[PDB]
Amino acid sequence: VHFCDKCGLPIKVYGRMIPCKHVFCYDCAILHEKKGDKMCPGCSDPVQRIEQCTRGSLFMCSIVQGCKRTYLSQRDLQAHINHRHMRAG
Ligand SMILES: [Zn+2]
Ligand SMILES: [Zn+2]
Ligand SMILES: [Zn+2]
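Read on for a plain summary of the structure. (Residues numbered from 1 in each chain as written, not as in the entry; some residues may be left out. Chains lettered and ligands numbered in written order. Heavy atoms only, no water.)

1. Focus: the coordination of the zinc ion (ligand 2)
- Within the protein, the zinc ion (ligand 2) binds to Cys20 (SG), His22 (ND1), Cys40 (SG) and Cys43 (SG); these donor distances fall in the range 2.1 to 2.4 Å.
- Note that the zinc ion (ligand 2) binds four donor atoms; their angles at the metal cover 78 to 153°, and the shape is irregular.
- We note that the donor set of the zinc ion (ligand 2) lies within a single chain, spaced as C-x1-H-x17-C-x2-C. Within this pair, whereas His22 is found in the loop between β1 (14-18) and α1 (26-35), its partner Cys40 is found in the loop between α1 and β2 (49-53), the two being separated by 18 residues in sequence. (Donors = N, O, S within 2.8 Å, 3.2 Å for Na, K, Ca; no water. Tetrahedral: all angles 85-135°; square planar, octahedral: opposite > 155°, others 65-115°. Helix = DSSP H or I, 4+ residues; strand = E, 2+ residues; numbered from the N terminus.)

2. What about the coordination of the zinc ion (ligand 1)?
- Distances from the zinc ion (ligand 1) to its protein donors, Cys4 (SG), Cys7 (SG), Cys25 (SG) and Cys28 (SG), fall at 2.3 to 2.5 Å.
- Coordination geometry of the zinc ion (ligand 1): the four donor atoms subtend angles of 78 to 156° at the metal centre, consistent with an arrangement described as irregular.
- Read from N- to C-terminus, the donor residues coordinating the zinc ion (ligand 1) fall into the pattern C-x2-C-x17-C-x2-C. You can see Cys4 sitting in the segment before β1 and its partner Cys25 sitting in the loop between β1 and α1, a full 21 residues away along the chain. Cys25 carries the same exposure label as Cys4, and that label is buried. (Buried < 20%, exposed > 50% of the residue type's maximum accessible area, 1.4 Å probe, protein only.)

As structure tokens, then:
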């Protein structure tokens, strides 16, 4: 994503979080890890490990609602559509 989901500021680096597979600002994403070490900035999920990536290394999904399940290969993001959207309905 561009604007951090927790800070809203323009993400300069893709702070990827696992196993959520969610992205944020690798800067505020690490401050959160140093804060709880296991809570996504917005999903508050067990942040296993945060990693930095380029704003072109993940694939954002845009089907309906706020589905921002990024991935590492269109095949996984495509697999996300048929796994949770299935043509929406
Ligand atoms: Zn931020
Ligand atoms: Zn998350
Ligand atoms: Zn989706």
